[PDB]
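The chain below stands alone and is given in structure tokens; this is the form deposited in one PDB entry.
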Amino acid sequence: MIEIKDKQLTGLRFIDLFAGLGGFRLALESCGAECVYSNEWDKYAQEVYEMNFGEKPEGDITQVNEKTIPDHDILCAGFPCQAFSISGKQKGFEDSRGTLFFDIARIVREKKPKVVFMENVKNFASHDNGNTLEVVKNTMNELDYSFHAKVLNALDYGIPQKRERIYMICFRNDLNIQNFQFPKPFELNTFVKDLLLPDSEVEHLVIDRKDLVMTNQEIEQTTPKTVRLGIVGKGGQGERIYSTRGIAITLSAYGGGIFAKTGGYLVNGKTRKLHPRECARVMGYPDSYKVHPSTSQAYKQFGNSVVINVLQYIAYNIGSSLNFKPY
């Protein structure tokens, strides 16, 4: 993450829905805002959230009386992405886990926060011939909110990871917010190799397999792209190896494969998966962040987390727009 000195969000209060690891919290908190509520049903997710913030999130959002939610100014939610990701059976709203947005909508209707800040996968945009995005657009407008959305890739914001997500910022119609903008991209100066751990700490993640085929050769030049080097087995998800000289492929939560959830990387002549801490780093988490004790749950957690640095920039801008009230 980065340091912000013009804490544009100082007096505001926010809600951390689908908290997970708290990526949103870290993000807004660094801009001066204060988290007044958190929600997360996963036992293991609750444990890390507590380890790091001292709070234990409330349970299943579905059975929560919206009125019970504290007055808040910003609503943060990176709702479930399985039903929309290019990686699954795209059942969308028909999927048992595709309706959460509507819960967001009921919370919005009742609480009327100044800002709604959501995050989802890139395919959310194209899904069902854009009909899903549309339902989300109209619903929002209908509740009296402007709807701004853009697909941003983390590699354009200082993090060596290809993670194209769609960000939806909605402003209550009152405040004539006509000056909001998404952060301007910038050259990538940090690559995977820069975030790795000393070999001593990683020895146990090394995986030597015989069906390890090598398609391309290691590169000499650093590049802001996922340069694949090899494949293992049939080369499906989790069995593809990348160069630590490019950028990390997207980390996943339920991903399988021998290089389960992080993909594999050629580190100093050896083939291995990323260590939880490295995932944290690749998501822009500070090294002070305490990872969950079960590596399986740590990988899952980071798999569906959010790239902090990006949210920071966006949060800052959200701040700037709200603070421009000239005479």
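Just so we're on the same page, rigid core means the largest C-alpha set that superposes within 1.5 Å between forms. Residue numbers here begin at 1 and follow the sequence given.
This next part talks about the form deposited in another entry, which is not shown.
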With the two forms superposed on the core, which of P183, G92, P224, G158 shows a CA shift of 2 angstroms or more between the shown form and the other one?
-> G92
Is there a C-alpha shift of 2 Å or more at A83 between the shown form and the other one once the rigid core is superposed?
-> yes
Relative to what is shown, are the Cα atoms of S87 and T262 closer or farther apart in that other deposited form, where the gap shifts by 3 Å or more?
-> farther
Indicate closer or farther: the Cα atoms of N141 and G92, in that other deposited form, relative to the displayed form, with a change of 3 Å or more.
-> closer
